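Included below are structure tokens for two forms of one protein chain, each presented in isolation as structure 1 and structure 2.
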Structure 1
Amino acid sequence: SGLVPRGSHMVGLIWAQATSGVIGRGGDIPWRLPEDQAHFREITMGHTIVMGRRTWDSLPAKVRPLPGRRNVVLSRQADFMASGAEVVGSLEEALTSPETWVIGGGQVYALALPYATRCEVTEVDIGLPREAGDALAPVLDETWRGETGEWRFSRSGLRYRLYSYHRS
């Protein structure tokens, strides 16, 4: 199907996770998956994106701010320099755009989850176990519903699938 009705406010979370729920370590995403970059890009294009400061830090710098999207960086550092983005000091202000995609990281997903009505999740079939210091994906309960895509191979051979969850 791929349809998801929307209301006067849409707050979406988008992430890619290992089976174990690892999304981040050492300030990076511990795999590369071209189809997921393409998916992340097309979903978020033209929208406001919200990210924690550490996620802004983890962006390759030549791709800061992410092109074609309104970049919003959540930080408690009032003097934080984020060239080409805006810095907001609270989650409330961050989610004021009528359509917002939260693009990371572990901290901000957790805080934003209660307001979210879509989760766009790439499951990467990689057996990375949770380690000390890892950033972790939220656990979705059964208020979330939607569609699970088929397993696909990237040309590299890495296997992945897409979940598109929503709720009222």
Structure 2
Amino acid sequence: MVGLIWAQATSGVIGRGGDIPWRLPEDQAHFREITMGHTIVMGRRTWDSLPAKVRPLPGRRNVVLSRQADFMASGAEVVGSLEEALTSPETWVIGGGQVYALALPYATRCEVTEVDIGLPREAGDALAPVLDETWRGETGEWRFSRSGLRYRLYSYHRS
């Protein structure tokens, strides 16, 4: 099982300037619960976005994708191809935009948080992948985050 998990603005933006232009504690907790205990695969730029004092993310096999053969990610595995990372029963690809595009053919689940923030797409933004018509989606109700933004969870599946 390879799943993708991301939070997006309604427009599809997931990242800007190498970081994320929101933070919903409830989404962070949802992310932690879904990934805990499993492999998490991230692109090198997403690894770089984590402060050194919080990485590796605890309780998970942290894997970082890079073309740099000597890139060191203390507390993680660095691999040069996505396929090397998919050896555990449950693997979560946790971003960013480039890595979702590479991982989509291997994926059968997407856990998507939609953040009700009006954020038009800009050059250089990281975006959510486009899910075609092979994917079945299930939508939750809109909820209010303590951060002031509404959000809702989608669970997409395919065989």
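Here, rigid core means the biggest group of C-alpha atoms that superpose within 1.5 Å across both forms. Numbers given to residues start at 1 and step along the sequence of structure 1.
- Shown in the overlay between the two structures, fitted on the rigid core, is a CA shift at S97 of 2 Å or greater.
- Once the core is aligned between the two structures, the alpha carbon position of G157 differs by 2.1 Å; this is the C-alpha shift at that site.
- Relative to the superposed core, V73 moves its CA by 0.3 Å between the two structures.
- After superposing on the rigid core, the C-alpha of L59 is displaced by 1.1 Å between the two structures.
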